[PDB]
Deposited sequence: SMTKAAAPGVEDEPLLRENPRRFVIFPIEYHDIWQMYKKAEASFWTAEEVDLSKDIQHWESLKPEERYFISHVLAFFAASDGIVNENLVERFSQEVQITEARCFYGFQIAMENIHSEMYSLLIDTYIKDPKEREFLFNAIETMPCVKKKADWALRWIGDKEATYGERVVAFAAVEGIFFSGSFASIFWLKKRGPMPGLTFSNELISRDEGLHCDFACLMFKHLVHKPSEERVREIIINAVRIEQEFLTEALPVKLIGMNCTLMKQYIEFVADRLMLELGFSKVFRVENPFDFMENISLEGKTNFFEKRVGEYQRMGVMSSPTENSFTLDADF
């Protein structure tokens, strides 16, 4: 029933029809940044002073972020930006793809700098790919509605990285590593705005999935993220409490629900007062 969707139906570019969308493109635009603005010189001095558990962890979280912004960008290219046929939402998606490419680079500048041997670089991982069946499936499914798929990538960019951004912010106070922590600040701000944008699109969608459907996608997204940070790569390795991290995930997942216009599912407070 796509004819009834203002967002998706075909149409006849500074007569601004969608101010809320446009205001976010210019917000994304105004936060432009490139890898070379992030000084990584002063880092190996700190990476050297780390524990070895703190390196198996930081290296792995960086590597999960490599196999992550590539799936986000494979979806906006060959699905989202094709479908959405209104002008303002295409500029944003156009700018988003540009930044997802810079994020992808930044993570690789980091991994090249913290790992000089290519044989190490090769794990990619049965550790990480738990989300493939959830994620890459919402690229691959031809029955998945736009509405389901918008909520889906709201979850990827807002739940799935949330813990990892929390980790780097935790390391940052304990103490610095300006490459990791300055990139992370910029990258976590970008993902918030992308995640907010996914929400704005949802709001403009007449036909959306039932609450139970939206809850399912999010609840399930959270469990997979909780599993990654408490078992597959415990934030224990860098001195953090698992329970608190499982709980932060849920705070973030609830904050998404409120923003998609639905009720809290978990009701937990934010455990981390730095976030």
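Unmodelled regions of the deposited sequence, numbered from residue 1: 1-8, 21-24, 137-142, 294-332.
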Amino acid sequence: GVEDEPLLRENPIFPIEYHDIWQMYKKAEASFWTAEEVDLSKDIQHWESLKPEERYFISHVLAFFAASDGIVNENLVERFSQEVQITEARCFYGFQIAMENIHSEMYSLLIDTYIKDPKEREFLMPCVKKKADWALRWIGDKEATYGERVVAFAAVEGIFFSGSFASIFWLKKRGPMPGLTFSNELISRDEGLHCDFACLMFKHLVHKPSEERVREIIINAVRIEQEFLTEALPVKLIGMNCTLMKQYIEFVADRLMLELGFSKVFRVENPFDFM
From here on, numbers count along this sequence of modelled residues.
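For the pair 31-39 and 64-72, the record assigns the higher mean C-alpha temperature factor to 64-72.
Look at the mean CA B-factor for 92-100 and for 164-172 in the entry; the higher one is 164-172.
Comparing the C-alpha B-factors of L193, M106, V150, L124 in the entry, the top value falls on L124. Per the PDB record, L50 has a higher Cα B-factor than any other of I219, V206, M245, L50.
Per-chain ranking of the deposited C-alpha B factor places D117 in the highest third. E10: CA B factor lies in the highest third for its chain, per the PDB record.
The deposited CA B-factor of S210 belongs to the lowest third of values across its chain. When the CA B factors of the chain's modelled residues are split into thirds, the value for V128 lands in the highest one.
Among all modelled residues in this chain, the alpha-carbon of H46 has a temperature factor (C-alpha) in the highest third.
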